[PDB]
Amino acid sequence: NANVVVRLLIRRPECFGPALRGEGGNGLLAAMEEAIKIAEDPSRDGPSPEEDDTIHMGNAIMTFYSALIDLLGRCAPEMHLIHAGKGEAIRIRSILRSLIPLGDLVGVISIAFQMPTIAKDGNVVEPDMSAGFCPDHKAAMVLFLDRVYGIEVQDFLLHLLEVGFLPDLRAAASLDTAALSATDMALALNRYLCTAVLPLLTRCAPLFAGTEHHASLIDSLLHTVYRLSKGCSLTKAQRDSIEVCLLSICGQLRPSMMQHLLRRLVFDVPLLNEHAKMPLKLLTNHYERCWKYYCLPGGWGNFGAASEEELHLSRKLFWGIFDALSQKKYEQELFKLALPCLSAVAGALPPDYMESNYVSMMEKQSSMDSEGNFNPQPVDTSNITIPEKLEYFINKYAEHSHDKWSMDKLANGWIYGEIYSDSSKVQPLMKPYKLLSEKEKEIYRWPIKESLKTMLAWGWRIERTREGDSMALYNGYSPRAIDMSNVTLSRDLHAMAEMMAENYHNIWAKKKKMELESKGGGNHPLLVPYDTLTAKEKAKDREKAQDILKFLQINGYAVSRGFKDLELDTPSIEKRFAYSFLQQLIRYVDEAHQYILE
Amino acid sequence: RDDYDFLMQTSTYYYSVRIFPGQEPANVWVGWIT
Amino acid sequence: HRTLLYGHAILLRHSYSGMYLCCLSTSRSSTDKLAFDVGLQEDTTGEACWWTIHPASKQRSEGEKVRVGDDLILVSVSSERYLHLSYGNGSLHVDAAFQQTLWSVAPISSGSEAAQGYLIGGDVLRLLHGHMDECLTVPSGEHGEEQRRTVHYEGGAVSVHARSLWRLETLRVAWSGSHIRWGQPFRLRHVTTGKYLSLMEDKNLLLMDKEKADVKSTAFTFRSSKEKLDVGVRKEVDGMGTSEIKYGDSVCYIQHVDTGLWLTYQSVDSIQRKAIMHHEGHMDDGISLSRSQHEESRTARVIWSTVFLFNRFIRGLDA
Amino acid sequence: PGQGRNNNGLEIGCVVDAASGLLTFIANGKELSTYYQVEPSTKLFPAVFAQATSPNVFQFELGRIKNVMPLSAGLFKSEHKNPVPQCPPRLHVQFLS
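Protein chains in written order, with the deposited numbering: chain A, 2316 to 2364, 2377 to 2802, 2820 to 2942; chain B, 1414 to 1447; chain C, 110 to 378, 386 to 435; chain D, 1496 to 1592.
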């Protein structure tokens, strides 16, 4: 019944719609864009001379094309016959692929929705089902993509995840507040995700093996899915689908990539609530699959070994779960799910493990707070005052930044002059930074001072080498400055720059948060944490941190970690993990003996 | 103008090495070996 | 030998190239994304080379034999697309599209009913003249296309060269492979230069181009002898015809259709004697017909098609 | 001088006098104090040792300066009197392994 329908449809191409007639046809993606514009325009949508009587033409076109795509994808042959090699099925696949290009499907998936927003009254303004782009439209597109084209390449899988799926997941995770949970938008998006997207990513689990390059994207996927798993409006089937998808992806994932998700898990599992059941199984599976990663000194040769920070996290998780289970009243399936996790973590932990005497400081657990799951606050540096020696460095970086801005204006075509006109593209500010005035210099200087006061608040030691002093001892216009594209920092400096990038994003998070609450609506999509942010979103702040650290290095100043350990107590056997574990076990056994004596 | 006769009679040769901006010069040595 | 039936799959082989018709599956983007290009393919394997014939008129039915004169619609087996003519484009193009276009199949020749050693239409041959074996040819390849346009009788290695090869083209599209009969108009085409033999107004033979090669100027016939006994009109037979002219043994005299003049040699002295058009003609004007090998004809056509493209390339580079 | 690499990448110049065996180095247009004197008939291979702290490490420029003959003249006998610098396919970078 599918072959006959496909043959009749290709015999009469009029059934494919004006966009897909094949002559003068803009295409499926262009048809969707035109439908968006039609739905936005009031005159073209309604009759314009009874809500049921009214038909939105844009939504009707959207539904027609979605139905055609769904029908064709369902007519696509089953994979078993294709593997068997039936020439008729191969021909049907070829015809369908010729009819619908892949790029159009990717574009239509990449089209974004319109979230409901809160109002000043506290009421919710809601876009309508009857008019607009709905997730049911993308459902058919995904069905076509995974029924005729198929995702069998890791590069295609990660590109699709980056372009179409991740934004929708982030939107669903951001629509998880108390008021917006019951909105029709959120229910439709949840159904779409849990019925089409997540099962597809579950079936494409093995492709996630060799993804060391897209570590940020995989980490963002893991955080977004886990955050969505905490929603309230989610039904039993949707929750089970999310659990299956997470368990499937994490198993094929490499051990090193799970660190950021474990950071959140060690904070929520101790609660031992109903939601903790899935994290319990996830932790059990991870620590059973990657036991050689921790216990063995070398671990997997290709994978590597722990960084002692994962070991500290695992120790904290183990002890937190142990204490929480000791305090908690007996609950049969909670205990039955938690015991294997405790055993797996205990087995993974090296018995000879040395706990960090230099305990990890300045963790941003407040950023990953319990309520709202994101509290953005930077490390305030107003009390910290700048040193006098770095004034020369500040001046040099300010003039370098002014020069680069002059690069950019010359490239865009702005011309020097004496009159300031934005329309005329004439700019008196093309003069050299030395000829700039103070609060012509101040606009450059202020971010510079703030950034390294932020450095100072963290206690990092900034120093100038004797050769750095040799630099200063040695001591309109055509601007030409240092090209720092080739300069590279060490890994330690890369992590240092990453953490200031996180702080500098947190600053913008605060400013945008008070903008959010001042306007009273329109939640910004990029309000997600730094870990949840992807590479393209992170790029600007990362390169800012990179170039400031690079200029420090080039000018010869030295930046390091200002904290020093007073004494590394390696010989002490008492703080070995086995010591505390056995001592606590002995205390528990003695307590039980006294209880049974009574 | 460089003298053509001087270049024809000379036996002095030259090459140059450009360390790209970003490669620390303290980790780069230049010269001749046997 | 099997009779074609409506609804069968047929494999067309290009007679010259030897490659089979197919759907190329690589559209040139003639404003139709669904359309596919139609070209030639070397290998018979796959369903792209095969084509299905269907009745374009309700008179016929599937399984019925196909008459020589019928309208047919061809559907590619691989792409399920009709062989289509792109009306909308400024230049007419052939492509595989879902719209259908009626095609007519005209018989050219039947190999079984062809008598060996007898002249048939579309043969590449040498116009051997006299008994010293001087063949009609253009001047050699000194790269001057304008002096390539003259016609003369020459002997020697030009007989085994490719500059003395002519293709006989009938003035009829249908049954162009029929046996050539006395007094049948035709035009001679030089294979290497791609130019047709023609008579100028000043009663001199000169090659002129495809676009401007008119029938009245380029039409010639073969007559058994020199008598003034006019051929008149003989209407054509819709078949392979009767074998009359025989290679080598037969003696022919070229005569212009319109003017009635006879081809003859200049008689003024390899020999490099000029070929001239004369109404009396000399008493020794008989020619002989020698068939050319298929490899030799293909090589000459390849030479022409290559020299044209390379001349275009050189002119573009010079520009 | 210091800060010479920042504005423009250092162009260390190596000058060898085959008639005297004097090896002189020029950095950023000024002749460095370091110099060497080699024995006659010594064969000298241009060489650069580098620990890479960057995706792009360095470049081998085969140019010439004022009054100094290009390196392809000393390397190749056919180009002994050709002031135009050249990099024939025979010349190629080798590494110690």
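No residue lacks a Cβ here, since even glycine has one placed at the ideal position from N, Cα and C.
| Item | Value |
| --- | --- |
| Within 7 angstroms, strictly: CB atoms of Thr2792/A and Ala2902/A | yes |
| Cross-chain neighbours of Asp1415/B in chain D, by beta carbon under 7 angstroms | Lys1561 and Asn1562 |
| Runs of alpha helix (DSSP H) lying entirely within the region 2511 to 2573 of chain A, each at least 4 residues, in chain order | 2511 to 2519, 2525 to 2530 and 2542 to 2555 |
| Test: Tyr2801/A CB closer than 7 angstroms to a CB of chain D | yes |
| Simplified DSSP state of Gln2754/A, which is helix, strand or coil | strand |
| One or two residues paired with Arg1414/B in a DSSP bridge | DSSP output for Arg1414/B lists no bridge partner at all. |
| Proximal residues, the region 2888 to 2907 of chain A versus chain B, C-beta separation under 7 angstroms | none |
| Segment contact flag, the region 2338 to 2351 of chain A with the region 2430 to 2438 of chain A, C-beta cutoff 8 angstroms, min 3 pairs | yes |
| Span of the alpha helix (DSSP H) around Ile162/C | Here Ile162/C belongs to no alpha helix (DSSP H); instead the beta strand (DSSP E) covers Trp160 to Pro164. |
| The region 263 to 271 of chain C / the region 319 to 327 of chain C touching (three or more Cβ pairs under 8 angstroms) | no |
| Which of helix, strand or coil DSSP assigns to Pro2774/A | helix |
| Strand pairing of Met393/C, partner residues [DSSP] | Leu372/C |
| Among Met2689/A, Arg2931/A, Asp2885/A and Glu2718/A, the one whose alpha carbon lies nearest that of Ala2799/A | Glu2718/A |
| Length of the line joining the Cα atoms of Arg2886/A and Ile2892/A | 10 angstroms |
| Whole-number beta carbon distance between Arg332/C and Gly292/C, since they are thought to touch under 8 angstroms | 7 angstroms |
| Endpoints, alpha helix (DSSP H) assigned at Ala2387/A | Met2384 to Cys2402 |
| Three or more C-beta pairs below 8 angstroms linking the region 2478 to 2498 of chain A and the region 2519 to 2532 of chain A | yes |
| Continuous beta strand (DSSP E) stretch holding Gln364/C: start and end | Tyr362 to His365 |
| Residues of the region 2787 to 2800 of chain A with Cβ closer than 8 angstroms to any Cβ of chain D, in chain order | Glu2794, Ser2797, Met2798 and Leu2800 |
| Partners in chain D for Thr2832/A, counting only beta-carbon separations shorter than 8 angstroms | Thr1548, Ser1549 and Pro1550 |
| Exposed unless 16 or more other CB atoms sit within 10 angstroms - verdict on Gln2890/A | buried |
| Short CB-CB distance (under 7 angstroms) between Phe1419/B and chain A | no |
| Uninterrupted alpha helix (DSSP H) stretches inside the region 2870 to 2902 of chain A (no shorter than 4 residues) | 2879 to 2899 |
| Residues near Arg407/C by beta carbon distance below 7 angstroms, same chain, minus five either side | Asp232, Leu234 and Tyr356 |
| Cβ contact check for the region 2766 to 2785 of chain A and the region 1503 to 1519 of chain D: 3 or more pairs under 8 angstroms | no |
| Below-7 angstroms beta-carbon distance, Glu2660/A vs any chain C residue | no |
| Contact set between the region 207 to 238 of chain C and chain A, restricted to residues whose Cβ is under 7 angstroms from the partner | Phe207 |
| Helix, strand or coil at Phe2649/A according to DSSP, with G and I counted as helix | helix |
| Three-pair Cβ contact test at 8 angstroms for the region 2602 to 2617 of chain A versus the region 2663 to 2675 of chain A | yes |
| Spatial distance of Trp2618/A from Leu2574/A (CA atoms) | 17 angstroms |
| Closest residue to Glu189/C among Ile182/C, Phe207/C and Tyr196/C (Cα-Cα distance) | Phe207/C |
| Those residues which DSSP pairs with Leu237/C across a bridge | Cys244/C and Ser404/C |
| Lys1525/D versus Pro1496/D, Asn1562/D, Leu1586/D and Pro1550/D, residue with shortest Cα-Cα distance | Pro1496/D |
| Straight-line Cα distance separating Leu2860/A from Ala2345/A | 33 angstroms |
| Range of the contiguous beta strand (DSSP E) that encloses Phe295/C | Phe295 to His299 |
| Rounded separation between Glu173/C and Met399/C - CA only | 58 angstroms |
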